[PDB]
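Below: one structure, written as structure tokens.
Numbers for residues simply follow the sequence, beginning at 1. For the numbers below, each heavy atom of this structure counts, side chains included, while hydrogens, waters and symmetry mates do not.
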Amino acid sequence: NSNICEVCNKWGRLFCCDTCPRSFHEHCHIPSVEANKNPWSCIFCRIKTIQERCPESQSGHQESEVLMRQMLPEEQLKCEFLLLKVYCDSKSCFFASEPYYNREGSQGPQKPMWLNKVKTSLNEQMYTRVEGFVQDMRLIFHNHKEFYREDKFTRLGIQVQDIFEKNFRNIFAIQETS
Ligand SMILES: [Zn+2]
Ligand SMILES: [Zn+2]
Ligand SMILES: [Zn+2]
């Protein structure tokens, strides 16, 4: 197994996947690494199983259809993975915890949002459809762009949004377009 956490790339108290060589801190894995279960399979492994059980799940889909899906166990897991993929980028640190807004010439957003809030919402089963999760994720970056205006710090929102959007297309197998 790996000697660093797959998500944050640090050593520490790691849990090892029994079916691939990745390792995780307890609360870096999403969902949090489970108390018992030997063997244990990580979310990358669980997602791969879904695809292997239903190869056709990788044919192209329309985003509008994906968003209306009910959050049954497999959609729940896909959203958890997609969230985890964003945390894997170091620039997610800027969006992880609750922000605040006091900048000359700008007003804070109407509806602040951050990754740990989305994490809790997923954990507490607050989303009924994929759309709920995706809207909150996009809002994070949209709020950032709107607040930081012409400061070059706005680019961090663009960068992390691109990570989100690419992984969304991949995980939910959105039909490739030009
Ligand atoms: Zn970690
Ligand atoms: Zn694994
Ligand atoms: Zn099938």
(request) Using the rule that two of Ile, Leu, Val, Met, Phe, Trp, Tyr join whenever any of their side-chain heavy atoms come within less than 4.5 Å, decide whether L139 and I163 are in one cluster. (result) no
(message) Please find the pair of heavy atoms, one from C45 and one from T19, that lie closest to each other, and give the distance.
(response) SG-OG1, 3.1 Å
(request) Test side chain to side chain contact (heavy atoms under 4.5 Å, CB included) on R69 and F172 and set out the steps. (result) CA-CA 11 Å; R69 299 176 188 173; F172 287 94; 4.0 Å; yes
(request) Assess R129 against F133: is NZ or CZ under 6.0 Å from the centre of the six-membered ring, and within 45 degrees of the ring's axis? (result) no
(request) Could you tell me which non-hydrogen atom of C42 sits nearest to which non-hydrogen atom of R22, and how far apart they are? (result) SG-CD, 4.1 Å
(message) Between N1 (side chain only) and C17 (backbone N and O only), is there a donor and an acceptor less than 3.5 Å apart?
(response) yes
(message) With rounding to the nearest 0.5 angstrom, report the CD to CD1 distance, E80 to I30.
(response) 7.5 Å
(message) Using only atom types and a distance under 3.5 Å, with no angle test, would you say the side chain of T154 pairs donor to acceptor with the backbone of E150?
(response) no
(message) Could you check whether any side-chain N or O of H29 sits under 3.5 Å from a backbone N or O of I43, counting only pairs where one atom can act as donor and the other as acceptor?
(response) yes
(request) Inspect the contact between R138 and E165 and indicate whether a charged nitrogen and a carboxylate oxygen are less than 4.0 angstrom apart. (result) yes
(request) Please work out which of the three classes, parallel, tilted or perpendicular, describes the rings of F153 and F94, given edges at 30° and 60°. (result) perpendicular
(request) State yes or no: do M68 and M137 share one hydrophobic cluster built from I, L, V, M, F, W and Y residues joined by side-chain heavy-atom distances below 4.5 Å, directly or via other members? (result) no
(message) Assess whether a salt bridge exists between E52 and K48, defined as any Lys/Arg side-chain N lying under 4.0 Å from an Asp/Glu carboxylate O.
(response) no
(message) Would you say that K145 contacts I140 through its side chain, given a criterion of any heavy-atom pair below 4.5 Å between the two side chains?
(response) no
(message) Within the structure provided, determine whether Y101 and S106 are in side-chain contact (heavy-atom separation under 4.5 Å).
(response) no
(request) Kindly give the heavy-atom pair with the smallest separation between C28 and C8, and that separation in Å. (result) SG-SG, 4.0 Å
(request) Take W114 and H144 through the ring-ring contact (aromatic ring centres under 6.0 Å, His included) test and state the conclusion after the steps. (result) CA-CA 10 Å; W114 58 102; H144 178 101; over 10 Å; no
(request) To the nearest 0.5 Å, tell me how far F15 CZ sits from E26 CD. (result) 5.0 Å
(message) To the nearest 0.5 Å, what is the distance between CG on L77 and CG on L72?
(response) 12.5 Å
(request) Can you measure from SG (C93) to CG (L115) and round to the nearest 0.5 angstrom? (result) 10.0 Å
(request) Could you tell me whether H61 atom NE2 has more than 12 heavy atoms of other residues or ligands within 6.0 Å of it? (result) yes
(message) Under a 3.5 Å distance rule, please check whether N170 uses its side chain to pair with a backbone N or O of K166 as donor and acceptor.
(response) no
(request) Verify, without hydrogens or angle tests, whether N143 (side chain) and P109 (backbone) share a donor-acceptor contact under 3.5 angstrom. (result) no
(request) Apply side chain to side chain contact (heavy atoms under 4.5 Å, CB included) to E75 and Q70, showing your working. (result) CA-CA 7 Å; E75 302 311 304; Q70 295 177 12; over 6 Å; no
(message) Return the CG to CZ distance between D162 and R155, rounded to the nearest 0.5 Å.
(response) 11.0 Å
(request) Kindly confirm or rule out a cation-pi arrangement of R103 over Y148, judged by NZ or CZ under 6.0 Å from the six-membered ring centre and within 45° of its axis? (result) no
(message) Measuring only between side-chain heavy atoms, which start at C-beta, is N36 closer than 4.5 Å to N38?
(response) yes
(message) If hydrophobic clusters are built by linking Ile, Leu, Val, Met, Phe, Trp and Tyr wherever their side-chain heavy atoms come under 4.5 Å apart, do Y87 and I4 end up in the same one?
(response) no
(request) Begin with the C-alpha distance, continue with both residues' side-chain angles, and end with the deciding distance and a verdict on side chain to side chain contact (heavy atoms under 4.5 Å, CB included) for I171 and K78. (result) CA-CA 7 Å; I171 291 168; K78 292 183 177 203; 3.8 Å; yes
(message) Are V7 and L14 linked, directly or through intermediate hydrophobic residues, by side-chain heavy-atom contacts shorter than 4.5 Å (ILVMFWY only)?
(response) no
(message) Treating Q125 as the side-chain partner and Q76 as the backbone partner, does any N or O pair qualify as donor plus acceptor under 3.5 Å?
(response) no
(request) Mind checking the CZ-CZ spacing from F141 to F95? Nearest 0.5 Å is all I need. (result) 6.0 Å
(request) Could you tell me how the ring of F168 sits relative to the ring of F164: parallel (under 30°), tilted (30 to 60°) or perpendicular (over 60°)? (result) parallel
(request) Say whether, by atom type as modelled, one donor and one acceptor occur between the side chain of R149 and the main chain of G105 under 3.5 angstrom. (result) yes
(request) Please name the pair of heavy atoms, one in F24 and one in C5, separated by the smallest distance, quoted to 0.1 Å. (result) CA-SG, 4.0 Å
(request) Check for a donor-acceptor pair, side chain of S41 on one end and backbone N or O of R46 on the other, with a separation under 3.5 Å. (result) no
(request) Return the set of residues passing side chain to side chain contact (heavy atoms under 4.5 Å, CB included) with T49 (not counting sequence neighbours), or none when no residue passes. (result) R53
(request) Of all the heavy-atom pairs spanning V130 and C79, show the shortest one and how long it is. (result) CG2-SG, 4.3 Å
(request) Determine, using ring centers only, whether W11 and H25 are less than 6.0 Å apart. (result) no
